[PDB]
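Have a look at the structure below before the remarks.
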Amino acid sequence: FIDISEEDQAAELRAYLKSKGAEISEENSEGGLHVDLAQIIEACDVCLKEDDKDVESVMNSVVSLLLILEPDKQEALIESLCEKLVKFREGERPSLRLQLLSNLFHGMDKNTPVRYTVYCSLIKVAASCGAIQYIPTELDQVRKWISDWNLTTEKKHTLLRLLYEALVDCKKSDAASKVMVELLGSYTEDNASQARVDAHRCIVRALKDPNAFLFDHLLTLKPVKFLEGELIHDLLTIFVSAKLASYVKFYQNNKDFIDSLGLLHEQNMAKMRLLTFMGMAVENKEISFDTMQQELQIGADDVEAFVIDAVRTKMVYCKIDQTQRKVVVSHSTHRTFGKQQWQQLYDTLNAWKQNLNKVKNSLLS
Amino acid sequence: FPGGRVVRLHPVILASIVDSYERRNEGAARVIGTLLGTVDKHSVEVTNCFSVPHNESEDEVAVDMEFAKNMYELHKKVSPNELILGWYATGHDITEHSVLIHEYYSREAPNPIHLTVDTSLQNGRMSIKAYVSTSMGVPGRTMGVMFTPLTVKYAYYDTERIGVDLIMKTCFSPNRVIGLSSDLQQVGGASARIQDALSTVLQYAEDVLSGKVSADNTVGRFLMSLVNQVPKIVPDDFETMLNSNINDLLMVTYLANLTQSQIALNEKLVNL
Amino acid sequence: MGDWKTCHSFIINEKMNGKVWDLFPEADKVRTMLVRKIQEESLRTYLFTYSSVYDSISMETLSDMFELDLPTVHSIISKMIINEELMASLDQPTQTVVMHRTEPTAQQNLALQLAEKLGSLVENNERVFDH
Amino acid sequence: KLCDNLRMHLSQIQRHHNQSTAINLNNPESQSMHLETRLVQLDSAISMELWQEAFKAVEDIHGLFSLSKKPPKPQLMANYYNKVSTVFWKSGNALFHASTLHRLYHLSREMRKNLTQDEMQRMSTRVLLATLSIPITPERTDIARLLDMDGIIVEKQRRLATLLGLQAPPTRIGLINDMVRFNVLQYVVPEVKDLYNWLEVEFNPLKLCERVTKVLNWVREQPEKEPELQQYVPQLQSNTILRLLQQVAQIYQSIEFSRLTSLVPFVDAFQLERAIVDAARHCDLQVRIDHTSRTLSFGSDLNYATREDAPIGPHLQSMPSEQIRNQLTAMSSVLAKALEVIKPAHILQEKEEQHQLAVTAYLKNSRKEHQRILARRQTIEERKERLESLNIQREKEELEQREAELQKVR
Amino acid sequence: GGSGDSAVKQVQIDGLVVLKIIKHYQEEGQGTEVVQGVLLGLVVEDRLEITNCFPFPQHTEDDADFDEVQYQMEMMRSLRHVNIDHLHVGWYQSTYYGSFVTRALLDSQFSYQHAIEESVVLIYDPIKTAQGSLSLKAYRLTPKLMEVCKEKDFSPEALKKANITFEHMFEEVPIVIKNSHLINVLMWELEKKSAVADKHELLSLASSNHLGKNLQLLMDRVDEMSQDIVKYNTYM
């Protein structure tokens with residue numbers, strides 16, 4: 001590799017760079033020069049012809065990155081040479097190309113293949129190192145502009161079905177689902193038939209991962225209002241067992257994916273955190289010690305055991321007493337209207353509070 | 001993964017830019033300097049800088065790197081934390097003259113961490129644009145570069161960010177240092193007000209047709225994140241502790257008013 | 001530390017190591033005299049140091065803890081209440097000491113009344129010498 | 001005589017009649033005199049004096065190692081002089097042991113790199129020797145010494161740690177985290193690693209002494225696991241309870257102490273409940289133990305000034321509840337009321353996009369000020385370089401003016 | 001308007017000065033009274049507008065030994081290269097106390113003000129004064145004391161100087177009041193955080209909610225005060 005602070009004239013310059021690369025890159029290095037400047041063909045001679053024995057060429061391919069964007073059609077040719085990156089199965093110097101381009105600098109995230117081709121690349125190029133960095137780079141653009149052509153977002157959803165597991169993760173996986181199902185739920189893949197298998201995956205996401213607290217992230221904004229609850233889905237499989245807290249309530253709700261998963265140990269997690277919360281939010285933020293013995297169908301210090309799990313959950317959060325007042329405020333399991341009514345209570349309660357009290361404040365201010 | 005991805009800053013960098021840009025050394029638009037800081041394995045921690053007298057022109061680039069050693073001589077004497085990470089200049093981005101400012105910094109040659117201070121009249125134009133140079137091969141002329149973009153963030157000492165937010169309110173309108181805790185109460189009532197102004201409309205959001213979607217079980221939790229702090233749930237022995245803690249710290253305030261006098265009663269008798 | 005037992009390791013064995021205990025024929029009594037002088041008084045430093053949060057103090061536990069019988073303990077705890085003048089309710093039929101000192105942040109109010117009372121004295125002494 | 005020898009070490013060097021250390025002359029003179037210090041100290045000696053004869057030996061000969069191009073094998077002896085002292089500073093001063101056991105391990109870990117020690121059973125067991133004893137620094141018991149100026153003592157606790165090269169004496173938890181962040185915690189023979197991972201992370205107020213005591217008794221198996229370690233166990237089991245009691249104090253507000261007798265399976269009960277107070281009497285947590293029926297409440301908040309914290313900094317993990325102090329309720333009205341204001345709102349988003357433009361009006365004025373300071377303060381940049389710099393020189397010239405005026409009427 | 005006694009104006013410290021102070025805030029010297037620099041201003045309308053100031057690095061490992069003047073001679077060279085000359089119109093510290101006038105530093109303040117009477121001496125206060133009012137104290141020393149010079153002396157020139165009765169505190173000037181248009185781009189950094197990269201503004205609001213919850217914001221100050229009250233009063 002040599003300079004690109006030369007005359008520009010970069011295709012003739014990259015031709016002098018392709019002569020250093022592969023011999024098949026070299027035969028169409030200067031053979032691309034006799035015909036034209038050739039912003040496609042000589043520019044495809046990096047895109048077609050391989051990084052010869054190693055990916056040490058990438059300095060010249062960063063030139064071949066930006067040469068097929070501004071003088072030529074950008075995402076037509078950059079869709080090639082990024083599948084060469086996955087094909088060598090290396091993730092460092094391929095990522096040097098993908099970092100230089102990624103979006104909105106050196107090539108203008110349109111209408112998004114500029115993210116997407118680089119986004120599809122570095123998901124396949126890097127397993128869980130560079131593939132993470134484009135997710136907030138998506139998400140900071142998601143709340144500004146998701147790809148309005150939904151198929152790129154569906155292709156991103158295809159990746160958010162892939163990077164759901166192309167990341168070797170469980171909650172970044174679920175975060176990749178929470179980039180997916182958020183954009184699934186609001187506006188992409190509607191296509192309710194596509195929203196079948198996504199909500200079928202959300203049944204997996206709620207019982208393989210029991211961290212919906214029961215169905216509460218699926219009752220927070222819109223996995224229940226878009227992904228239909230009792231449809232072909234039967235997404236309310238989890239939510240029927242989310243309040244009833246015994247084996248028969250799980251096992252008969254257990255379809256043969258869940259009845260063969262199996263659901264036997266997230267049960268008493270779920271039996272806990274509902275009877276914790278629906279003990280707590282009902283009986284009422286100070287519940288008795290022998291009540292949870294009757295709630296959780298257990299003995300004395302096992303109630304004392306599960307409160308430690310429940311305070312570490314921070315669904316309930318205060319100091320506990322040994323003989324009464326077991327589970328307490330910070331309310332993480334779903335209180336669908338009762339916390340909304342409490343939202344309707346507290347915004348009335350704060351209105352009487354802070355307005356009276358800022359007057360008490362501005363007296364001493 | 002290739003190293004240069006993110007630069008973390010403070011406005012003390014933007015202080016040292018703009019104080020050397022708004023006393024200016026006659027550098028009407030181009031005020032150029034040398035950033036100093038450290039890196040961490042993918043990230044860059046720039047925490048202070050200073051402007052060397054530069055002159056970037058066609059095709060003159062003046063970099064008094066000996067003074068950028070001498071400023072580094074002074075700053076390493078002051079603060080042993082920072083290393084010369086590059087050169088900062090004002091707007092705008094990639095130039096063939098920066099290729100010269102590469103070379104004066106490539107005389108030193110640590111990793112190329114640039115800071116272009118986009119002197120723009122806009123909002124989306126970022127006031128500090130950071131770049132690492134890619135390809136970055138170049139055994140041929142000076143330094144042929146493409147700038148991989150670097151994102152600018154603020155993560156360093158936090159009461160400086162309490163300080164600069166007071167400075168940004170001093171930027172807004174001073175806001176001198178007189179009332180601060182009493183003024184915090186009105187700020188505490190101001191954040192209280194938009195909370196009530198939003199979430200009662202979030203009551204109204206679902207009450208009109210179909211709002212309070214991202215507020216059903218988030219703002220119900222966002223208010224729960226407050227009421228776990230204040231008020232405690234509603235215990236009356238808590239208030240009895242509180243009214244004791246009224247009468248505790250008021251008695252502390254009472255004896256502070258007593259020691260207000262008795263300090264003077266030794267002071268003013270010996271000044272008859 | 002308020003532990004009586006730990007003093008006995010540091011004194012009795014070491015004065016036998018240095019033969020200092022080995023000097024009297026009465027020294028077994030003198031040790032046994034100083035057994036209780038360690039037991040009764042480290043019970044006080046047990047009460048003196050842990051004083052703000054002790055608001056109910058046993059007499060059944062302290063008779064078992066510091067190995068001290070009740071007519072000593074009644075001679076301890078009454079003189080812990082009477083002679084030290086600690087605000088302390090006592091029910092010797094119930095064998096219960098109830099103290100409630102109130103307060104440790106107002107100990108700084110005591111620490112400032114340590115300061116400002118000196119303020120009034122030398123202010124008065126400023127006029128005492130000068131007149 | 002050891003003071004005499006140290007002087008007839010020093011004054012003989014202070015002769016400097018053809019004598020150096022770098023020929024390894026004074027480095028065995030060290031090795032003799034260091035032994036002369038360290039043996040009598042351990043055997044039977046006053047500790048205040050001969051350890052200064054050791055510390056003045058170790059410090060000067062650290063400079064003589066610095067003179068003689070640091071020899072790592074007398075530094076391995078200095079490591080052993082530390083390793084001697086790690087026994088002694090578990091006998092004499094834990095903050096020195098905070099210095100020396102951290103100096104024990106890394107100066108050995110240097111020799112794991114320098115000498116390439118193939119002691120993969122021992123080095124995996126000297127690291128657990130380096131983890132467990134290293135944090136345990138309880139509350140001081142010295143009430144007179146606080147009146148007798150503790151800051152002089154901690155200075156000497158600092159100063160002879162500056163001698164060893166670990167200048168500030170490190171704490172309980174952050175000194176563990178030195179050994180944790182360094183990858184030798186991975187290299188622990190994994191029972192202690194698990195014994196740590198009960199004591200550190202799996203943090204359950206009723207279910208902690210049940211899982212450590214099995215592994216505490218594991219490392220009580222003495223004959224090969226470094227008999228330093230077996231004295232480190234009950235003082236770790238002492239630090240187990242202080243790790244435990246606050247975790248009981250900050251999930252539970254009133255444990256039943258008759259249950260807490262059973263729910264804490266400590267070896268003793270009377271020395272347990274005494275060490276319960278021996279925490280709380282020295283202000284480590286809130287207990288009500290001399291209730292006559294043997295209960296033990298904690299309270300929330302009700303004592304929340306210093307005594308719950310041991311003494312201002314906790315030893316447990318963040319299971320504590322929301323407590324309230326000075327300007328909580330004001331600053332919770334600042335953030336947790338603005339917690340709905342920045343992200344989910346549009347009410348700030350319409351106000352601060354306005355402010356995004358309200359600055360941009362001033363920023364359009366700022367470019368007018370980018371030319372106005374260019375117009376004004378450039379002229380100030382030259383004039384304040386000259387005119388007001390003469391006014392400092394006026395204060396230097398008027399001083400010369402008053403001198404000649406005073407030299408006229410005398 | 002902002003004059004004191006016949007030579008001195010108030011100080012006007014814009015925020016771009018302030019940030020370089022809080023680069024060396026209460027660090028590189030935490031329990032060590034770093035004289036954090038000399039206030040290099042300029043004499044303009046009613047106000048000593050500080051332009052840039054340089055933190056003086058005393059030999060700070062656990063103490064403070066006076067370092068090179070060649071530092072100060074090169075910082076005045078570094079500042080003359082790009083900005084205003086060394087018009088030191090004060091000196092400033094913070095430095096580990098709430099509102100204290102250090103007697104030996106007051107003597108360093110006295111001969112400073114005998115040399116340049118146009119001087120106020122800044123005592124910065126971060127949140128270690130528990131916030132807390134008057135976080136910026138540009139305390140100058142009494143010109144009636146600058147009259148009877150030198151200095152305050154112990155048995156002679158103490159009856160003589162206090163029958164004149166020079167004041168003991170005098171003229172803590174109001175410091176920052178105005179948009180001085182050095183403001184310009186840190187105002188423009190405020191609108192961006194305001195704007196959609198607003199993660200850094202709430203973190204400073206997050207610094208409120210935890211400053212009040214668990215710190216002895218009153219008690220640890222008062223315990224340092226009750227320390228300072230029971231000692232310094234009885235010695236007088």
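The way I read the labels, and the way they are meant: chains A, B, ... in the order of the structure tokens, residue 1 as the first residue of every chain, and ligand 1 as the first ligand shown, with later ones counted on from there.
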### region 24-40 of chain E surroundings by only C-alpha atoms, 6 Å radius, close-in-sequence under 2 positions cut, as a VMD selection string
chain E and resid 21 to 22 50 53 to 56 86 to 93 95 to 96
Written file, previous selection with C-alpha atoms, as a PDB file, in the first residue's frame:
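Result file is out_38.pdb:
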```
ATOM      1  CA  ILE E  21      -9.347  24.969  38.196  1.00  0.00           C
ATOM      2  CA  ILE E  22     -11.533  21.836  38.364  1.00  0.00           C
ATOM      3  CA  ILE E  50      -9.473  36.435  34.660  1.00  0.00           C
ATOM      4  CA  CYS E  53      -4.705  30.685  35.002  1.00  0.00           C
ATOM      5  CA  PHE E  54      -2.190  27.984  35.558  1.00  0.00           C
ATOM      6  CA  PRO E  55      -2.210  25.408  38.357  1.00  0.00           C
ATOM      7  CA  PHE E  56       1.047  25.593  40.293  1.00  0.00           C
ATOM      8  CA  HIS E  86       0.976  37.347  33.263  1.00  0.00           C
ATOM      9  CA  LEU E  87      -1.257  39.983  34.840  1.00  0.00           C
ATOM     10  CA  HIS E  88      -1.585  38.138  38.129  1.00  0.00           C
ATOM     11  CA  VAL E  89      -4.330  40.004  39.978  1.00  0.00           C
ATOM     12  CA  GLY E  90      -4.759  37.379  42.687  1.00  0.00           C
ATOM     13  CA  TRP E  91      -4.003  33.819  43.622  1.00  0.00           C
ATOM     14  CA  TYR E  92      -6.405  30.956  44.148  1.00  0.00           C
ATOM     15  CA  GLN E  93      -6.767  27.628  45.943  1.00  0.00           C
ATOM     16  CA  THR E  95      -8.198  23.509  48.994  1.00  0.00           C
ATOM     17  CA  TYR E  96      -9.641  21.074  51.567  1.00  0.00           C
TER      18      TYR E  96
END
```
### Query
Neighbours of residue 192 (chain D) within 9 Å (only C-alpha atoms; same-chain residues fewer than 3 positions away dropped), as a ChimeraX atom specification?
/D:128,131-132,188-189,195-197,215-216,218-219
Write the selection just made, keeping C-alpha atoms, as a tab-separated table (two decimals), in the first residue's frame?
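Writing the result to again_35.tsv gives the following:
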```
chain	number	residue	atom	x	y	z
D	128	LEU	CA	-5.08	-17.92	48.77
D	131	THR	CA	-6.17	-13.20	49.63
D	132	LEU	CA	-7.69	-14.26	52.92
D	188	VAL	CA	-6.36	-19.79	43.69
D	189	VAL	CA	-6.80	-23.45	44.68
D	195	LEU	CA	-15.00	-19.61	50.14
D	196	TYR	CA	-14.38	-16.10	48.86
D	197	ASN	CA	-17.32	-16.44	46.46
D	215	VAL	CA	-14.68	-24.53	53.39
D	216	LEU	CA	-13.27	-22.77	56.46
D	218	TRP	CA	-11.31	-27.29	54.65
D	219	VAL	CA	-8.43	-24.85	54.96
```
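Put simply, CA of residue 159 (chain D) is 18.0 Å away from CA of residue 137 (chain D).
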### Task
Would you list the contacts of region 97-102 of chain C as a VMD selection string, taking every protein, DNA or RNA residue within 10 Å and counting only C-alpha atoms, but skipping same-chain residues closer than 4 positions in sequence?
(chain B and resid 248) or (chain C and resid 51 to 59 77 to 78 81 86 to 92 106 to 107) or (chain D and resid 290 to 292)
### Query
as a list in words, which residues of region 64-193 of chain E does DSSP assign to strand (DSSP E or B)?
residues 88, 89, 90, 91, 92, 93, 121, 122, 123, 124, 136, 137, 138, 139, 140, 170, 171, 172 and 173 of chain E
### Task
Residues of chain B no more than 8 Å from chain C, counting only C-alpha atoms: send them over as number ranges by chain.
B: 248, 251-252, 255, 259, 262-263, 265-266, 269-270
Can you write just those residues out, N, CA and C atoms, as an mmCIF file, in the first residue's frame?
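The resulting out_0.cif:
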```cif
data_model
loop_
_atom_site.group_PDB
_atom_site.id
_atom_site.type_symbol
_atom_site.label_atom_id
_atom_site.label_comp_id
_atom_site.auth_asym_id
_atom_site.auth_seq_id
_atom_site.Cartn_x
_atom_site.Cartn_y
_atom_site.Cartn_z
ATOM 1 N N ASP B 248 -33.732 17.520 66.332
ATOM 2 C CA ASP B 248 -32.305 17.264 66.475
ATOM 3 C C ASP B 248 -31.501 18.362 65.797
ATOM 4 N N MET B 251 -31.894 21.865 66.957
ATOM 5 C CA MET B 251 -31.114 22.071 68.172
ATOM 6 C C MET B 251 -29.634 22.207 67.837
ATOM 7 N N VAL B 252 -29.185 21.494 66.799
ATOM 8 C CA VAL B 252 -27.854 21.727 66.242
ATOM 9 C C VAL B 252 -27.777 23.132 65.662
ATOM 10 N N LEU B 255 -27.788 25.584 68.743
ATOM 11 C CA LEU B 255 -26.489 25.752 69.381
ATOM 12 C C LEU B 255 -25.464 26.315 68.407
ATOM 13 N N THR B 259 -23.336 29.266 69.590
ATOM 14 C CA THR B 259 -21.912 29.410 69.312
ATOM 15 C C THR B 259 -21.656 30.514 68.296
ATOM 16 N N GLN B 262 -21.349 33.213 71.251
ATOM 17 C CA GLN B 262 -20.330 33.065 72.287
ATOM 18 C C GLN B 262 -18.923 33.109 71.694
ATOM 19 N N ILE B 263 -18.786 32.770 70.406
ATOM 20 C CA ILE B 263 -17.559 33.079 69.671
ATOM 21 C C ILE B 263 -17.306 34.580 69.660
ATOM 22 N N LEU B 265 -18.625 36.705 71.768
ATOM 23 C CA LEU B 265 -18.571 37.211 73.138
ATOM 24 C C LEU B 265 -17.165 37.109 73.727
ATOM 25 N N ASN B 266 -16.332 36.205 73.202
ATOM 26 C CA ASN B 266 -14.902 36.266 73.493
ATOM 27 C C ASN B 266 -14.209 37.244 72.553
ATOM 28 N N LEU B 269 -15.380 41.194 73.438
ATOM 29 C CA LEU B 269 -14.919 41.726 74.718
ATOM 30 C C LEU B 269 -13.441 42.093 74.663
ATOM 31 N N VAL B 270 -12.655 41.349 73.890
ATOM 32 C CA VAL B 270 -11.219 41.585 73.806
ATOM 33 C C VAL B 270 -10.957 42.704 72.795
#
```
Sorted by chain and rising residue number, list the residues of chain B at most 6 Å from chain E (counting only C-alpha atoms), each with its closest atom pair and distance in Å to one decimal, as CSV.
```
residue,atom,partner,partner_atom,distance
B:12,CA,E:19,CA,5.1
B:15,CA,E:16,CA,4.8
B:23,CA,E:83,CA,5.4
B:25,CA,E:82,CA,4.6
B:78,CA,E:57,CA,4.9
B:160,CA,E:22,CA,5.6
B:162,CA,E:204,CA,5.7
B:167,CA,E:15,CA,5.1
B:168,CA,E:187,CA,5.7
B:171,CA,E:187,CA,5.1
B:174,CA,E:177,CA,5.2
B:176,CA,E:176,CA,5.8
B:177,CA,E:134,CA,5.5
B:178,CA,E:134,CA,5.3
B:179,CA,E:133,CA,5.7
B:180,CA,E:133,CA,5.8
```
Print the selection's residues with C-alpha atoms to a file, as a CSV table (one decimal), in the first residue's frame.
```
chain,number,residue,atom,x,y,z
B,12,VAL,CA,-12.3,22.0,29.9
B,15,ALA,CA,-12.5,25.7,27.5
B,23,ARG,CA,-8.2,35.5,23.3
B,25,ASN,CA,-3.6,34.8,19.3
B,78,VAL,CA,1.4,19.8,36.7
B,160,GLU,CA,-16.4,19.5,37.1
B,162,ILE,CA,-21.5,19.9,38.2
B,167,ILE,CA,-20.9,27.3,34.0
B,168,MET,CA,-23.4,26.4,31.3
B,171,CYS,CA,-23.4,30.6,30.0
B,174,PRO,CA,-25.4,33.9,35.8
B,176,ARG,CA,-23.8,33.5,40.8
B,177,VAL,CA,-22.9,31.4,43.9
B,178,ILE,CA,-25.2,32.7,46.6
B,179,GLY,CA,-28.2,30.5,47.3
B,180,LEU,CA,-27.2,27.1,46.0
```
#### Entry: Residues of chain D within 9 Å of chain C, only C-alpha atoms counted, as an MDAnalysis selection string
chainID D and resid 141:143 270 274 277:278 280:283 286:294 303 305
Writer output for current selection, N, CA, C and O atoms, as a PDB file, in the first residue's frame:
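This is the output file again10.pdb:
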```pdb
ATOM      1  N   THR D 141     -10.088  -0.135  68.875  1.00  0.00           N
ATOM      2  CA  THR D 141     -10.694  -0.256  70.193  1.00  0.00           C
ATOM      3  C   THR D 141     -10.098   0.763  71.154  1.00  0.00           C
ATOM      4  O   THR D 141     -10.407   0.761  72.344  1.00  0.00           O
ATOM      5  N   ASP D 142      -9.259   1.655  70.639  1.00  0.00           N
ATOM      6  CA  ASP D 142      -8.404   2.506  71.461  1.00  0.00           C
ATOM      7  C   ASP D 142      -9.086   3.855  71.648  1.00  0.00           C
ATOM      8  O   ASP D 142      -9.012   4.725  70.776  1.00  0.00           O
ATOM      9  N   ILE D 143      -9.740   4.022  72.796  1.00  0.00           N
ATOM     10  CA  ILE D 143     -10.484   5.249  73.060  1.00  0.00           C
ATOM     11  C   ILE D 143      -9.547   6.351  73.547  1.00  0.00           C
ATOM     12  O   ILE D 143      -9.763   7.537  73.271  1.00  0.00           O
ATOM     13  N   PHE D 270     -22.007 -17.854  72.558  1.00  0.00           N
ATOM     14  CA  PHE D 270     -21.667 -16.778  73.480  1.00  0.00           C
ATOM     15  C   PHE D 270     -20.579 -15.880  72.909  1.00  0.00           C
ATOM     16  O   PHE D 270     -20.662 -14.651  73.001  1.00  0.00           O
ATOM     17  N   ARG D 274     -21.103 -12.118  71.608  1.00  0.00           N
ATOM     18  CA  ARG D 274     -20.146 -11.116  72.050  1.00  0.00           C
ATOM     19  C   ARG D 274     -19.483 -10.449  70.851  1.00  0.00           C
ATOM     20  O   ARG D 274     -19.342  -9.222  70.821  1.00  0.00           O
ATOM     21  N   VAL D 277     -21.734  -7.991  69.419  1.00  0.00           N
ATOM     22  CA  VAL D 277     -21.605  -6.692  70.066  1.00  0.00           C
ATOM     23  C   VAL D 277     -20.249  -6.082  69.751  1.00  0.00           C
ATOM     24  O   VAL D 277     -20.149  -4.879  69.507  1.00  0.00           O
ATOM     25  N   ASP D 278     -19.204  -6.913  69.657  1.00  0.00           N
ATOM     26  CA  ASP D 278     -17.846  -6.406  69.447  1.00  0.00           C
ATOM     27  C   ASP D 278     -17.712  -5.755  68.071  1.00  0.00           C
ATOM     28  O   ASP D 278     -16.840  -4.909  67.846  1.00  0.00           O
ATOM     29  N   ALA D 280     -20.770  -4.143  67.095  1.00  0.00           N
ATOM     30  CA  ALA D 280     -21.692  -3.026  67.297  1.00  0.00           C
ATOM     31  C   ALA D 280     -21.233  -2.079  68.403  1.00  0.00           C
ATOM     32  O   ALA D 280     -21.523  -0.878  68.347  1.00  0.00           O
ATOM     33  N   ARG D 281     -20.561  -2.604  69.438  1.00  0.00           N
ATOM     34  CA  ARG D 281     -19.950  -1.748  70.457  1.00  0.00           C
ATOM     35  C   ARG D 281     -18.875  -0.865  69.846  1.00  0.00           C
ATOM     36  O   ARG D 281     -18.718   0.297  70.234  1.00  0.00           O
ATOM     37  N   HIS D 282     -18.151  -1.390  68.865  1.00  0.00           N
ATOM     38  CA  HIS D 282     -17.256  -0.558  68.084  1.00  0.00           C
ATOM     39  C   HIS D 282     -17.904  -0.062  66.799  1.00  0.00           C
ATOM     40  O   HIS D 282     -17.223   0.008  65.773  1.00  0.00           O
ATOM     41  N   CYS D 283     -19.216   0.199  66.833  1.00  0.00           N
ATOM     42  CA  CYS D 283     -19.950   0.994  65.851  1.00  0.00           C
ATOM     43  C   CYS D 283     -19.948   0.378  64.459  1.00  0.00           C
ATOM     44  O   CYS D 283     -19.667   1.070  63.474  1.00  0.00           O
ATOM     45  N   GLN D 286     -26.264  -1.810  64.017  1.00  0.00           N
ATOM     46  CA  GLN D 286     -27.259  -1.467  65.025  1.00  0.00           C
ATOM     47  C   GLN D 286     -27.925  -2.725  65.587  1.00  0.00           C
ATOM     48  O   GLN D 286     -28.611  -3.449  64.864  1.00  0.00           O
ATOM     49  N   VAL D 287     -27.700  -3.021  66.869  1.00  0.00           N
ATOM     50  CA  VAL D 287     -28.332  -4.186  67.486  1.00  0.00           C
ATOM     51  C   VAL D 287     -28.965  -3.755  68.798  1.00  0.00           C
ATOM     52  O   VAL D 287     -28.584  -2.746  69.389  1.00  0.00           O
ATOM     53  N   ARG D 288     -29.963  -4.514  69.241  1.00  0.00           N
ATOM     54  CA  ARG D 288     -30.577  -4.338  70.552  1.00  0.00           C
ATOM     55  C   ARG D 288     -30.512  -5.697  71.227  1.00  0.00           C
ATOM     56  O   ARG D 288     -31.505  -6.430  71.248  1.00  0.00           O
ATOM     57  N   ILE D 289     -29.358  -6.009  71.812  1.00  0.00           N
ATOM     58  CA  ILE D 289     -29.043  -7.380  72.194  1.00  0.00           C
ATOM     59  C   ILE D 289     -29.299  -7.628  73.678  1.00  0.00           C
ATOM     60  O   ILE D 289     -29.730  -8.720  74.069  1.00  0.00           O
ATOM     61  N   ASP D 290     -29.138  -6.614  74.523  1.00  0.00           N
ATOM     62  CA  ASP D 290     -29.384  -6.761  75.959  1.00  0.00           C
ATOM     63  C   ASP D 290     -30.839  -6.424  76.271  1.00  0.00           C
ATOM     64  O   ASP D 290     -31.168  -5.999  77.377  1.00  0.00           O
ATOM     65  N   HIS D 291     -31.708  -6.635  75.294  1.00  0.00           N
ATOM     66  CA  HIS D 291     -33.053  -7.088  75.592  1.00  0.00           C
ATOM     67  C   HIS D 291     -32.979  -8.351  76.443  1.00  0.00           C
ATOM     68  O   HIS D 291     -32.160  -9.240  76.184  1.00  0.00           O
ATOM     69  N   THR D 292     -33.832  -8.421  77.467  1.00  0.00           N
ATOM     70  CA  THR D 292     -33.716  -9.467  78.482  1.00  0.00           C
ATOM     71  C   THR D 292     -34.099 -10.840  77.938  1.00  0.00           C
ATOM     72  O   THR D 292     -33.589 -11.866  78.398  1.00  0.00           O
ATOM     73  N   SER D 293     -34.993 -10.877  76.954  1.00  0.00           N
ATOM     74  CA  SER D 293     -35.386 -12.136  76.334  1.00  0.00           C
ATOM     75  C   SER D 293     -34.530 -12.504  75.133  1.00  0.00           C
ATOM     76  O   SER D 293     -34.932 -13.392  74.369  1.00  0.00           O
ATOM     77  N   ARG D 294     -33.386 -11.831  74.964  1.00  0.00           N
ATOM     78  CA  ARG D 294     -32.417 -12.054  73.895  1.00  0.00           C
ATOM     79  C   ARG D 294     -33.038 -11.916  72.512  1.00  0.00           C
ATOM     80  O   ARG D 294     -33.135 -12.901  71.776  1.00  0.00           O
ATOM     81  N   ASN D 303     -30.897   4.960  63.504  1.00  0.00           N
ATOM     82  CA  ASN D 303     -29.535   5.106  64.005  1.00  0.00           C
ATOM     83  C   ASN D 303     -28.605   5.645  62.928  1.00  0.00           C
ATOM     84  O   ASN D 303     -27.381   5.626  63.097  1.00  0.00           O
ATOM     85  N   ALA D 305     -26.499   7.495  61.457  1.00  0.00           N
ATOM     86  CA  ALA D 305     -25.508   8.563  61.389  1.00  0.00           C
ATOM     87  C   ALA D 305     -24.121   8.043  61.028  1.00  0.00           C
ATOM     88  O   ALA D 305     -23.593   8.387  59.966  1.00  0.00           O
TER      89      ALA D 305
END
```
### Task
Tell me which protein, DNA and RNA residues are within 9 Å of residue 222 (chain A), counting only C-alpha atoms, leaving out same-chain ones fewer than 3 positions away, and put them as JSON, numbers by chain.
{"A": [181, 182, 185, 186, 217, 218, 219, 225, 226, 227], "B": [213, 214]}
Set out as a Markdown table a contact list for region 161-185 of chain A and region 115-134 of chain A with a cut-off of 9 Å, giving each residue of region 161-185 of chain A that qualifies its closest atom pair and distance in Å to one decimal, counting only C-alpha atoms, ordered by chain and rising residue number.
```
| residue | atom | partner | partner_atom | distance |
| --- | --- | --- | --- | --- |
| A:162 | CA | A:123 | CA | 8.6 |
| A:163 | CA | A:123 | CA | 6.9 |
| A:166 | CA | A:127 | CA | 6.4 |
| A:167 | CA | A:128 | CA | 5.2 |
| A:168 | CA | A:128 | CA | 6.8 |
| A:169 | CA | A:128 | CA | 8.7 |
| A:172 | CA | A:132 | CA | 8.8 |
```
